[PDB]
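Here the structure comes first, spelled out in structure tokens, and everything after it is commentary.
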Amino acid sequence: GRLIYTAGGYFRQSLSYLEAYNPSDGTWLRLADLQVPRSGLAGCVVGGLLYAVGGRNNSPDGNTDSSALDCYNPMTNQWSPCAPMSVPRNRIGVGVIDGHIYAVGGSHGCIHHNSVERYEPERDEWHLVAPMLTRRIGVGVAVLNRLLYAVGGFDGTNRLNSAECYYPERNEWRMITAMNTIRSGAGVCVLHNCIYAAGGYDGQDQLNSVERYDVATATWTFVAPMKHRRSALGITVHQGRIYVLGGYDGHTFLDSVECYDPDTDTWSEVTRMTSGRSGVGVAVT
Ligand SMILES: CC(=O)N1CCC[C@H]1C(=O)N[C@@H]1COC(=O)c2ccccc2CSC[C@H](C(=O)N(C)C)NC1=O
Ligand SMILES: [Cl-]
Ligand code: NA
Numbered sequence: 325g326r327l328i329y330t331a332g333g334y335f336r337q338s339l340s341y342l343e344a345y346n347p348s349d350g351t352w353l354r355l356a357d358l359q360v361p362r363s364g365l366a367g368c369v370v371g372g373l374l375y376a377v378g379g380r381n382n383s384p385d386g387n388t389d390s391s392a393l394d395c396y397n398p399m400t401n402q403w404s405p406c407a408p409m410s411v412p413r414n415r416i417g418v419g420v421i422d423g424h425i426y427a428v429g430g431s432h433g434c435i436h437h438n439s440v441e442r443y444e445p446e447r448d449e450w451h452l453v454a455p456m457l458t459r460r461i462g463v464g465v466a467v468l469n470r471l472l473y474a475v476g477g478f479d480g481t482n483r484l485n486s487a488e489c490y491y492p493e494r495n496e497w498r499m500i501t502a503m504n505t506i507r508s509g510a511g512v513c514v515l516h517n518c519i520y521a522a523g524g525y526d527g528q529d530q531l532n533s534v535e536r537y538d539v540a541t542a543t544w545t546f547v548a549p550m551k552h553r554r555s556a557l558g559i560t561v562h563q564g565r566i567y568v569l570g571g572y573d574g575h576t577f578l579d580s581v582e583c584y585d586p587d588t589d590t591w592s593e594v595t596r597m598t599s600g601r602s603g604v605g606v607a608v609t
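If you're matching positions, the sequence shown starts at 325 in the authors' numbering and goes up one per residue.
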């Protein structure tokens with residue numbers, strides 16, 4: 325019985341919510357709040373423990389970018405602080421390889437990072453690895469074939485359709501086939517050996533289009549679009565299906581939770597979050 329966790333987000337200000345969705349019975353659990361509110365964070369799971377990485381606390385009286393790493397234990401309902409990253413990283417992308425968390429790009433005020441760092445839970449340490457070829461904030465990260473992909477984003481001047489690949493053994497990045505659409509703040513995940521890029525912002529409007537990367541053919545193909553246009557959406561894979569949580573449609577902060585079935589190439593609304601929000605960190609455990 326695995327749950328879909330949603331941490332943080334934004335609705336008028338950065339949020340502290342930690343909530344878990346049970347896709348089996350349709351219930352929502354209210355868990356212990358994050359110690360510091362945060363949006364533009366990323367979530368991941370290492371050894372049954374949930375991690376909230378980077379982000380920013382936007383308050384009506386002041387904004388603070390986050391270098392924080394926090395760990396949630398589902399068994400104890402407690403958040404524990406971990407070692408912080410070298411730099412604050414808002415609109416961060418995260419990926420896990422061999423129980424190691426990679427923190428990809430993000431922003432610190434005026435700085436758009438191309439830098440990448442790796443966390444070792446066993447040692448409680450961050451170390452910088454090779455930086456990306458492109459500075460990317462609002463970047464989608466996916467782990468496929470023990471390689472780390474950085475998809476789309478914004479480099480400080482331009483919204484990107486470009487994507488690159490990290491080889492951990494060789495400690496190097498290579499540019500891959502670019503997407504058909506420019507996407508900053510897309511939901512990026514792996515399902516059945518493919519990378520999916522859902523939604524985002526093309527520099528003009530929020531997108532409902534979804535495309536998947538096939539590694540054997542090195543091509544991006546459009547699949548069924550979502551019912552709602554969304555950027556800063558949370559994304560996860562649970563039991564062979566993609567779940568997209570909340571996001572921003574250009575006016576409204578969505579509470580809508582859509583589910584993609586690859587067998588039928590269809591999206592459907594499965595639930596509603598307790599409240600609408602964007603820039604949530606999502607993981608399954
Ligand atoms: C830049 C901006 O506007 N502001 C002004 C104050 C704070 C910030 C804001 O509001 N951010 C939140 C949070 O989103 C995110 O964490 C996020 C996460 C990943 C990628 C992209 C995003 C942005 S999604 C775009 C949407 C927007 O532009 N609004 C509301 C006008 N911003 C939001 O929802
Ligand atoms: Cl933001
Ligand atoms: Na490739």
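Every residue, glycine too, gets a C-beta built ideally from N, C-alpha and C.
Strictly by DSSP, which residues pair up with residue i?
| i | result |
| --- | --- |
| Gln337 | According to DSSP, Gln337 bridges with nothing at all. |
| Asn397 | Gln402 |
| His451 | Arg442 |
Once the 5 residues before and after residue i are set aside, which same chain residues still bring their CB inside 8 Å of it?
| i | result |
| --- | --- |
| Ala521 | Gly464, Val475, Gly476, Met503, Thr505, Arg507, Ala510, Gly511, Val512, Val534, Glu535, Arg536, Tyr537, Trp544 |
| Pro408 | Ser391, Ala392, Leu393, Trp450 |
| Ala454 | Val440, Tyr490, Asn495, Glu496, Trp497 |
Quick one: residues in its chain with C-beta nearer than 6 Å to the C-beta of residue i, no 5 flanking neighbours on either side, listed in chain order?
| i | result |
| --- | --- |
| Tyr345 | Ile328, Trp352 |
| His432 | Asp389, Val411, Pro412 |
| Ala607 | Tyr329, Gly367, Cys368, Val369, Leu374 |
Spatial neighbours of residue i within its chain, please: C-beta separation below 7 Å, excluding the five flanking residues on both sides.
| i | result |
| --- | --- |
| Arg459 | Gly429, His436, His437, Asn438, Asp479, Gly480 |
| residue 277 | With the chain covering 325 to 609 only, the question about residue 277 has no answer from this structure. |
| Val547 | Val534, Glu535, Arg536, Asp589 |
| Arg354 | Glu343 |
For residue i, count neighbouring C-beta atoms within 10 Å of its own C-beta (all shown protein chains included) and say buried if the count is 16 or more, exposed if not.
| i | result |
| --- | --- |
| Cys434 | exposed |
| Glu496 | exposed |
| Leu339 | buried |
| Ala466 | buried |
| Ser363 | buried |
| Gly332 | buried |
| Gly571 | buried |
| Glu441 | buried |
Grab the span of the beta strand (DSSP E) containing residue i for me, first residue to last.
| i | result |
| --- | --- |
| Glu488 | 483 to 491 |
| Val608 | 602 to 608 |
| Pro347 | First-last for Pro347: undefined, no H or E at that position. |
| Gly367 | 366 to 370 |
| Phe478 | 471 to 478 |
| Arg447 | Note, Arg447: premise wrong, no beta strand (DSSP E); not H, not E. |
| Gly379 | Counting along the chain, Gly379 falls outside any beta strand (DSSP E), and DSSP gives it neither H nor E. |
| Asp585 | 580 to 585 |
| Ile416 | That residue, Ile416, is in no beta strand (DSSP E); it is neither H nor E in DSSP. |
| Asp526 | Unbroken run through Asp526: none, as it is neither H nor E. |
| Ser391 | Counting along the chain, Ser391 falls outside any beta strand (DSSP E), and DSSP gives it neither H nor E. |
Is the stretch 552 to 562 touching the stretch 368 to 377 in the sense that three or more CB pairs, one from each, lie closer than 8 Å? no
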